[PDB]
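Data block below; observations after.
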Amino acid sequence: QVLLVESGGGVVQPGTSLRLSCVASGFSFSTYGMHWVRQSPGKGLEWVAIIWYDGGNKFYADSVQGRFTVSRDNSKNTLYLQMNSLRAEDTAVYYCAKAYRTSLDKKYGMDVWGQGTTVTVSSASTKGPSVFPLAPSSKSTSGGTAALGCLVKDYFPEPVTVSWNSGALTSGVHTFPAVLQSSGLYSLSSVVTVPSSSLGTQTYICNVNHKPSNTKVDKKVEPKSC
Amino acid sequence: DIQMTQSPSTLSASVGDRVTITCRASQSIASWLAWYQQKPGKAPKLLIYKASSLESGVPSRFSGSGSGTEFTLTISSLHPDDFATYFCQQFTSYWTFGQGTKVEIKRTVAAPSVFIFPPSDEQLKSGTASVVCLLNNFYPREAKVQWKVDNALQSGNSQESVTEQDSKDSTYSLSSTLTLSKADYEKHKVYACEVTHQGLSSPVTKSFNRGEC
Amino acid sequence: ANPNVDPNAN
């Protein structure tokens, strides 16, 4: 089956350079035009560049013209996107896409895309998370159910993994997607709904792991007297 | 520059419903139009090419029509796997996309369970106070959350995060976090989060007076 | 060199 796999994304400082890679299998790469497309909340899906089968003809979006350069090594079945003078508006998921096959048509789109690679332009430094308890209380109870959790604040970069009771607790858990604070750091929250009757005889521990900083925190969530 | 606009932007439909998505181009693109489907965390997948031609493996319940400036994508009977975001794309002059149409699963109204979490003593010692309001397993998605401090509303320093629609019960959950310094935290007493939603007969307020916890 | 024409080998 036709398959494309992007690589090279990550966190990068503004004004620096970064080269992305797209690896093709399941078709004759040397005979197809190839595309780069990017997706961000701010600008939606936005085409970036196209390169002809032989690596000759290349066309670019105005947003990236003069800063980005597309290339390909047909011997390595690899498509490349060199990004220079990177700025914050270039933060997006970058997809690579195969041109539609030759037909009698005069205009050509694209059929198969790759999974995508994430490019984050930021000045932040790698920081471990501060895990704060979201304590159960009279104000976090509904019926016979009580909510409790762990606030994972001020970490960078993504991602953070959160488990409960070393993975033995798998029901009632909602770990929320991270939000980017104005500080440039990330903060998320993991919450679990449990029977209120168990808070005295059951220990609830959240296990937060941020691999970039090798921070592994096991916080026991104890109820507040309120 | 050819600009593609889609309608609706968001649609709530039940399984087995017939859904029609419309795409309009700023100028005539003849039939050089393509429809893509995108699920969260996944790449876009081509469904229809050149306005009407179904791609290989795409179920026949998908169909596309139109020429020139007006185009439509039709799903005759929605399947659980069809709930995703759909993009149109013109390929006559470069490649531009519509803003996307999100098709979400319609289920019975479920009121949210509201919980409020006061800042920890550990964080308050660090000069930062984060208050968390939790809304759990509700539908529809559009629950509204406001932070009232001494019955006065707050603006800025309030971020919301919402989960994807749950695969098991098609509910949503939402957290709103109010981050304020200890200095501003000590300035006032009553901290509250008021929730409004169709599942609730009246607004729900969870509150705590500073120093009570 | 038109962007939307056939970008493939044949």
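Ligands are numbered from 1 in the order shown, chains are lettered A, B, ... in the order of the structure tokens, and residues start at 1 in each chain.
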
Fill in: Surrounding residues of residue 214 of chain A excluding itself and chain neighbours under 6 positions, 10 Å, only C-alpha atoms, as a list in words
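Non-adjacent residues within range: residues 127, 128 and 129 of chain A.
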
Discussion item. With 6 Å as the limit and counting only C-alpha atoms, what residues in chain A lie close to chain B? Please list them as an MDAnalysis selection string.
Written reply: chainID A and resid 107 109 111 115 134 139:140 176 226

With C-alpha atoms retained, write the just-selected residues as an mmCIF file, in the first residue's frame.
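Now in part-v1.cif:
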data_model
loop_
_atom_site.group_PDB
_atom_site.id
_atom_site.type_symbol
_atom_site.label_atom_id
_atom_site.label_comp_id
_atom_site.auth_asym_id
_atom_site.auth_seq_id
_atom_site.Cartn_x
_atom_site.Cartn_y
_atom_site.Cartn_z
ATOM 1 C CA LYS A 107 -5.208 19.622 -13.529
ATOM 2 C CA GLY A 109 -4.480 17.231 -6.978
ATOM 3 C CA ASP A 111 -4.398 11.375 -3.123
ATOM 4 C CA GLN A 115 0.888 10.928 9.136
ATOM 5 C CA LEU A 134 -6.623 18.672 42.845
ATOM 6 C CA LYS A 139 -17.084 21.193 46.539
ATOM 7 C CA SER A 140 -15.819 18.340 44.314
ATOM 8 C CA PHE A 176 -7.222 16.742 29.302
ATOM 9 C CA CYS A 226 -13.655 21.640 53.241
#

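The interface of chain C with chain B at 10 Å, considering only C-alpha atoms, consists of residues 2, 3, 4 and 5 of chain C.
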
Discussion item. As a list in words, could you give me every residue of chain A near chain C (at most 7 Å apart, counting only C-alpha atoms)?
Written reply: residues 31, 32, 33, 52, 53, 57, 59, 102, 106, 107 and 108 of chain A

Discussion item. Considering only strand (DSSP E) as DSSP defines it on the backbone, what residues of chain B qualify? List them as a VMD selection string.
Written reply: chain B and resid 4 to 7 10 to 13 19 to 25 33 to 38 45 to 49 53 to 54 62 to 67 70 to 75 85 to 90 96 to 97 101 to 105 113 to 117 128 to 138 144 to 149 152 to 153 158 to 162 172 to 181 190 to 196 204 to 209

Practice prompt. Give the answer as one residue: which of B:129, B:110, B:200, B:88 has the shortest atom-to-atom distance to residue 185 of chain B, using only C-alpha atoms?
Written response: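 Counting only C-alpha atoms, the residue closest to residue 185 of chain B is B:129.
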
Item to complete: Tell me, in Å to one decimal, how far atom CA of residue 194 of chain B is from atom CA of residue 145 of chain B.
Response: 5.8 Å

Worksheet item: Residues of segment 27-193 of chain B in alpha helix (DSSP H) according to DSSP, as a PyMOL selection string?
Response: chain B and resi 121-125+182-187

Item to complete: Provide the atom CA of residue 164 of chain A to atom CA of residue 111 of chain B distance in Å, to one decimal place.
Response: 26.1 Å

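Among the candidate residues A:202, A:136, A:124, A:197, the one lying nearest to residue 181 of chain A is A:124, with distances computed using only C-alpha atoms.
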
Discussion item. Please compute the atom CA of residue 35 of chain B-atom CA of residue 73 of chain B distance, one decimal, in Å.
Written reply: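 For atom CA of residue 35 of chain B relative to atom CA of residue 73 of chain B, the distance reads 7.5 Å.
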